[PDB]
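Neighbour counts run over all protein chains shown; Cβ positions are idealised from the backbone, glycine included. All of this is worked out from the model, or read from it or from the source named; no laboratory instrument gave them.
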Amino acid sequence: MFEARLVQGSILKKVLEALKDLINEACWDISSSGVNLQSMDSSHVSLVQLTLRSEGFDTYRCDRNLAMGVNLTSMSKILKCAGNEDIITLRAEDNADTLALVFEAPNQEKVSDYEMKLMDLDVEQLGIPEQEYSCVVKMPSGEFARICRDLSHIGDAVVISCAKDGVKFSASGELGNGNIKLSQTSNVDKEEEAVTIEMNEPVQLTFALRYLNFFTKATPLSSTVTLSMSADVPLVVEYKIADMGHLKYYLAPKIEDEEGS
Amino acid sequence: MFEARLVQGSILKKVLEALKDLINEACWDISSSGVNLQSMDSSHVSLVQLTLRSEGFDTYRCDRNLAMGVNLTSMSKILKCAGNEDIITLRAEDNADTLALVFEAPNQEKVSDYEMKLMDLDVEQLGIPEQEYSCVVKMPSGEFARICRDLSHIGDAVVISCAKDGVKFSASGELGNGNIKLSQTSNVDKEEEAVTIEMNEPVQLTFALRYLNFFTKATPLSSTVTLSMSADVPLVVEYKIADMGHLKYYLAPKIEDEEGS
Amino acid sequence: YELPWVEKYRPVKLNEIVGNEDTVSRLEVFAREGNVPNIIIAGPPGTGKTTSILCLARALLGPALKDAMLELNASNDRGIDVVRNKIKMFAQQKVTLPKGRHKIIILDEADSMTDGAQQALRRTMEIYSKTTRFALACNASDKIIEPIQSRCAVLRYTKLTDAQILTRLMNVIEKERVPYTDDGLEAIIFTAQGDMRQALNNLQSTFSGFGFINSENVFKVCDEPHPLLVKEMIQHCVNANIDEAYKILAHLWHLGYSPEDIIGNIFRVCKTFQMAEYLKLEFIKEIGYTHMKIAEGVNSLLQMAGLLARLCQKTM
Amino acid sequence: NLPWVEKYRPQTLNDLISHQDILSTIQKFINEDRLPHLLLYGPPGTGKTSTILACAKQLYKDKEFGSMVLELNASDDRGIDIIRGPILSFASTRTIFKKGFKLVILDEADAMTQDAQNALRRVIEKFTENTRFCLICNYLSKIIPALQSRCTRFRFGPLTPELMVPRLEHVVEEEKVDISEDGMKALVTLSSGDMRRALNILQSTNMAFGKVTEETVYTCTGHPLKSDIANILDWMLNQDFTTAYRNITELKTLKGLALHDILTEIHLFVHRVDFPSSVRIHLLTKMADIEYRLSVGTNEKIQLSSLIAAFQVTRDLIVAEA
Ligand SMILES: Nc1ncnc2c1ncn2[C@@H]1O[C@H](COP(=O)(O)OP(=O)(O)OP(O)(O)=S)[C@@H](O)[C@H]1O
Ligand SMILES: Nc1ncnc2c1ncn2[C@@H]1O[C@H](COP(=O)(O)OP(=O)(O)OP(O)(O)=S)[C@@H](O)[C@H]1O
Ligand SMILES: [Mg+2]
Ligand SMILES: [Mg+2]
């Protein structure tokens, strides 16, 4: 018997509006550590890794480990009928197939029990490497979301660079060239508006713009986002939820072969 | 000679967007009691009654009864022309083929005389039986609109169940069942959230979704909504708009399935 | 608000189906084997192609029928978008089912779809074969492409035989306690023209109209050309007579019947006439020639009189 | 002012005649609220639309006739967009009026294709308790047997002249025109057992000339005269080939006749002429062949010569048998 009590529906709402245009079907692993979502997209390029800890929920109870799989657009439309100040009760049992979302409304008088039908897809678990990378940059999430929306217009795929100085965004689009470079943003009053460089080895890699745009729809979950780049292991975009868990997006590069000349 | 003056212009500018997509024309009937407007939808499912009494107007001049037929397509764009707190007047002659709507421009500088033609439409009054309703619910209006918007994401035909416990709005679609039940909201400070049940015998009626959305298009007219239903009587949605009169929506249920055992 | 007898007395188990013999035994074996393949059911309309797969699905799934059974008719939209969305959506749901149980997606009237719909249905049947088993009810199996029927079993339904319709009609008569005569049973067979739902509808129509079953009451509510007069016309055409046959034809023409109705009853009587075999075949060839004239657009009384003269000229 | 059919259209179950068993069964079904989907089929102008409009005005009042009755006719094309269009949306809805079924009058239902009739079969079987269809058609055989197997059919036959003449006497007593016996015989023969063409021909004879006799009807309509076809058959049976061909082609270019009308009137004539059976078979086979040869669109003089040819072989055989 799996029962999770989300304290606020806003974080679930932002998680689902982040994952709405990326994943065909979402798989949840349920254990005493909490809930896990390690999955691929509809095109087998990106990876989603959502971890929700046990202490973040109001009441979290689980007897046996559960591997459920649900349609995602159906769950987006189910969660669309919900407020932002209501506790959310995810219910499932041992030997059935219905996922129940029970929450309050903004009237705070009426219960709302939305049933859903799961899927029977057996998905091989891909092992996350959990290795070190070549560059780690801490940056506020609104900056990354607005620069993804700003950089989607110039081109179709973008090359990003990180070095000892700071982070760099480049786009060789049909309109022309778009190049930004930001470093040493820590000299403000706010603690969110800060860019921190951790590692040494500079990296330049190109990625599709649409996957970055679908990654940046987790904007108000975390005030600060973490970007990890490496030459071999994929690009990591990590949103740290404050008292619930974390959410990582992994993005594979694209081919940019040099000219023969 | 018909002359009417409203106290605030926003009455028409909230009551005519509810008839923008629901009904195709307007049949104004003039009398010493005031103005009324009974229109059946083109699909003969939805019925709109609008009754504005003479005491709510600033001034009201009428001599004999008049039947008037107008087109709502241009009127639904002429509602965008007027302001929100201006003073509107309706003027109609005896033998003329055009009616005048005279008000002030939103600049508060310019007299606006908009002239609209009359469609000589041959319509007849149906005649409401006005039977004793088997269940009466007093509810908020924005709550009803957001619950119709909530069940617009599940199925195309909601189910209203009304028992002595209260009202249960349930939508079943290809996604999954979602039910919302209200009961006993008299313990609130404001008097507009008193979701009250006024009759004993339970009913269970299945209604269309787009029609209830077209009905809930009229939220800011009033604060509370009176929903009347019975075993075979259509759904009655009553709005006590300000002090000048009221509005009524009549909706036939959907055809039940052959679920005999 | 009484239900019509077409859907009121539809059978609920495979033991009550009288149409086929080998195919209903194959379905009875499939209902206990639990390894049901994807099937395509072919036959004439109204022979029971969707009250058999329905009984198989109800005997297979049982209490989990409402969650693990999808009937898709041609009543809804028959575009490519609905088949892409709804069938894949239903196949992707999970149902807690036993070992030898699968979801069933019945596709009634699967012949009206295009080549793209069936060439995508190839992959939908191939990929989800563990979870769900398809059952396409087709009116004509030649319109089904070869790669669809290579990977799925083909089941054939014949037109109801008059003995089987007799057994079903006498079962319905004994169930509803209807008084009957043998001439009324022959008349309801003749107006039934081999179709079961047509037979049940005509029987319930004449029972609601007049009650007691007799051969005169059947043709008051149907009003075909009477088979006694049409059989007399064929008998006069076979006995070297043209004047009496045209007298019967003019009697059936001043009752306002179309040429198509009279020539259809002419062929239906000449199917079950009693004469020589070669005379039957020459008569059927002449009737088919005249029906080609009539359906071409020559629908005068002179064409029927010429048909009568040619039938009288074949028999010396 | 107005045509007589639009003036004197029947509005009562007793004002429609010769359908008394059908009207009795319809009244029996409609008093007990057991009326099924109806399929009224028959010749044109025998009382198909007016019967169901009388039944609709019996069921519904004048105010709710325009709301719970939808009429589709020959102005609407009957394909597959209509059956998924207005008639499905009409049948699949309830009404704020008294708790009764709807009604859809679909004129000329024999012009629907097999796919259209199967889609209509789906719509009919899906919604029964709230909608009762009425398909009216000329040919029963042009619709599928499934559609015949779900809706109750009724054969609206032609009106016998014995029962047809009291209504003609009523309309000649109400409207004072000159009436003779041969004019009434021409009316009940040329009208071919349907009241619509009889009233139209009677009104056209009244408006054109003023009196109704046999020759006035024949001149206003253009039907081939009996003595005309008698002269044609006499020329074919007792004249030379060139003489008969010249006489009949002058009569065709004078009287305005056509060879199809000559063929059907001669076909009606040769079953009065007491031929032997063998030459009757020969004449009928030859004339049916000439009818088909005219149907496929050939020259007309050669088919006329073939008709004269069949009758000349006939006259040789008749004289040789004498
Ligand atoms: N062998 C049979 N035994 C009993 N009832 C039968 C039999 N065959 C047909 N019926 C009856 O006839 C009707 C079956 O109609 P359907 O199966 O829906 O038509 P169909 O043959 O499947 O062709 P489709 O689905 O339109 S392509 C029901 O009313 C059955 O009760
Ligand atoms: N039984 C009848 N008694 C009296 N008048 C009749 C009768 N049947 C037909 N008529 C007259 O003939 C007209 C034609 O009748 P309708 O029913 O409208 O035609 P119809 O039978 O529907 O055939 P269509 O529409 O040409 S296919 C009516 O308006 C009457 O004037
Ligand atoms: Mg079927
Ligand atoms: Mg008509």
Discussion item. Just the residues that are more than 8 Å from chain B (Cβ to nearest Cβ) and buried (at least 19 other Cβ atoms within 10 Å of the Cβ), please, taken from the range D:95-104.
Written reply: D:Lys102, D:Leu103, D:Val104
Worksheet item: Can you list the strands (runs of 3 or more DSSP E) found entirely within the range B:150-261 that contain at least 1 residues being farther than 30 Å from D:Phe101 by Cβ?
Response: B:167-171, B:178-182, B:224-229, B:235-239, B:245-251
Discussion item. Filter the range D:105-152 down to the residues that are within 16 Å of ligand 2 (Cβ to nearest atom) and charged (D, E, K, R) and list them by number.
Written reply: D:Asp107, D:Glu108, D:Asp110, D:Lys142
Worksheet item: Is it the case that C:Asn15 is assigned by CATH to the domain that holds C:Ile145, surrounded by fewer than 18 Cβ atoms within 10 Å (Cβ to Cβ), free of Cβ contacts under 8 Å to residues at least 60 places away in the same chain and within 16 Å of ligand 3 (Cβ to nearest atom)?
Response: no
Practice prompt. Could you please let me know if D:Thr128 is within 20 Å of B:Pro253 (Cα to Cα), within 16 Å of ligand 1 (Cβ to nearest atom) and either in contact (Cβ under 8 Å) with a residue 24 or more places away in the chain or crowded, with 17+ Cβ neighbours inside 10 Å (or both)?
Written response: yes
Discussion item. Looking only at the range A:61-81, count every residue that is within 7 Å of chain B (Cβ to nearest Cβ) and part of a helix (DSSP H, G or I) and tell me the total.
Written reply: 3
Discussion item. When you scan the range C:134-141, do you find a residue that is touching an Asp or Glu at 6+ places or on another chain (Cβ under 9 Å), surrounded by 18 or more Cβ atoms within 10 Å (Cβ to Cβ), part of a helix (DSSP H, G or I) and assigned by CATH to the domain that holds C:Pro44, even just one?
Written reply: no
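Listed here are the residues, each with its yes/no results for (1) surrounded by fewer than 15 Cβ atoms within 10 Å (Cβ to Cβ); (2) away from ligand 3 (no atom under 16 Å from the Cβ).
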| residue | (1), (2) |
| --- | --- |
| C:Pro4 | no, no |
| C:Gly48 | no, no |
| C:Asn73 | no, no |
| C:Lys99 | yes, yes |
| C:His102 | no, yes |
Worksheet item: Can we say B:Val167 is within 14 Å of another protein chain (Cβ to nearest Cβ) and crowded, with 18+ Cβ neighbours inside 10 Å?
Response: yes
Response to the item:
Going through (1) within 30 Å of D:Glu32 (Cβ to Cβ); (2) within 14 Å of chain D (Cβ to nearest Cβ) one by one, C:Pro11 fails only at (2)
Worksheet item: Residues in the range D:237-264 that are over 23 Å from C:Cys312 (Cβ atoms) and assigned to a helix (DSSP H, G or I): how many?
Response: 19
Worksheet item: Among D:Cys134, D:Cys151, which is the only one that is closer than 22 Å to C:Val221 by Cα and more than 13 Å from chain C (Cβ to nearest Cβ)?
Response: D:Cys134
Discussion item. Among the residues that make up the range C:32-50, is at least one of them more than 16 Å from ligand 4 (Cβ to nearest atom), assigned to a helix (DSSP H, G or I) and touching a residue at least 40 places away in the same chain (Cβ under 8 Å)?
Written reply: yes
Response to the item:
Only one of D:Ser67, D:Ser18, D:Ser92 is within 14 Å of chain B (Cβ to nearest Cβ), surrounded by 13 or more Cβ atoms within 10 Å (Cβ to Cβ), of a type in the set (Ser, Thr, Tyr) and touching a helix residue (DSSP H, G or I) at 6+ places or on another chain (Cβ under 9 Å), namely D:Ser92
Worksheet item: Would you say C:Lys159 is of a type in the set (D, E, K, R), more than 16 Å from ligand 2 (Cβ to nearest atom) and within 14 Å of another protein chain (Cβ to nearest Cβ)?
Response: yes
Worksheet item: Does B:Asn213 count as more than 10 Å from chain A (Cβ to nearest Cβ), under 17 Å from the mean Cα position of the chain (by Cα) and polar (S, T, N, Q)?
Response: yes
Worksheet item: Counting only residues that are within 14 Å of chain C (Cβ to nearest Cβ) and more than 21 Å from the chain's Cα centre (by Cα), how many does the range D:22-62 have?
Response: 14
Discussion item. For a quick check of your reading of the model, give me the residue pairs whose first member lies in the range C:209-222 and is more than 8 Å from every other protein chain (Cβ to nearest Cβ), whose second is surrounded by fewer than 14 Cβ atoms within 10 Å (Cβ to Cβ) and in a helix (DSSP H, G or I), with beta-carbon atoms closer than 6 Å and at least 6 apart or on different chains.
Written reply: C:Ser215/C:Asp183
Practice prompt. Tell me which residues, restricted to the range C:223-276, are of a type in the set (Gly, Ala, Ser) and either away from chain D (no Cβ under 13 Å) or over 29 Å from the mean Cα position of the chain (by Cα) (or both).
Written response: C:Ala240, C:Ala245, C:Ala250, C:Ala276
Worksheet entry | One residue from C:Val269, C:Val298 being of a type in the set (A, V, I, L, M), outside any helix (DSSP H, G or I) and touching a helix residue (DSSP H, G or I) at 6+ places or on another chain (Cβ under 6 Å) | C:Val298
Item to complete: Inspect the range D:208-230 for any residue being crowded, with 18+ Cβ neighbours inside 10 Å, within 20 Å of the chain's Cα centre (by Cα), within 30 Å of C:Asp243 (Cβ to Cβ) and within 14 Å of chain C (Cβ to nearest Cβ) and give the result as yes or no.
Response: no
Discussion item. Which numbered condition in (1) under 18 Å from A:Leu235 (Cβ atoms); (2) of a type outside the set (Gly, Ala, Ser); (3) without any contact (Cβ under 8 Å) to a residue 40 or more places away in the chain is the only one that A:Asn179 fails?
Written reply: (1)
Discussion item. Out of D:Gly79, D:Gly66, D:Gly47, I need the residue that is assigned by CATH to the domain that holds D:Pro145 and within 16 Å of ligand 4 (Cβ to nearest atom). Which one?
Written reply: D:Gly47
Worksheet item: So which of D:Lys185, D:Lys176, D:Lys142 is in the same structural domain as D:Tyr41 (by CATH), more than 16 Å from ligand 3 (Cβ to nearest atom) and of a type outside the set (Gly, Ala, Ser)?
Response: D:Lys142
Worksheet item: Which residue out of B:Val233, B:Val203, B:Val237 is free of Cβ contacts under 8 Å to residues at least 24 places away in the same chain, buried (at least 18 other Cβ atoms within 10 Å of the Cβ) and under 30 Å from D:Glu129 (Cα atoms)?
Response: B:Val237
Practice prompt. Search the range C:51-89 for residues being assigned to a loop (DSSP other than H, G, I, E, B) and of a type in the set (S, T, N, Q), and hand back the single one that is nearest to the other protein chains (Cβ to nearest Cβ).
Written response: C:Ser75
Discussion item. Which condition from (1) out of contact with any helix residue (DSSP H, G or I) (no Cβ under 7 Å at 6 or more places or on another chain); (2) in contact (Cβ under 8 Å) with a residue 60 or more places away in the chain; (3) within 14 Å of chain C (Cβ to nearest Cβ); (4) of a type in the set (A, V, I, L, M) is the one that A:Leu126 breaks?
Written reply: (3)
Response to the item:
Taking the range A:82-102 and keeping only residues that are at the interface with another protein chain (Cβ under 10 Å from one of its Cβ atoms) and within 24 Å of B:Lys190 (Cβ to Cβ), one is left with A:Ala82, A:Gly83
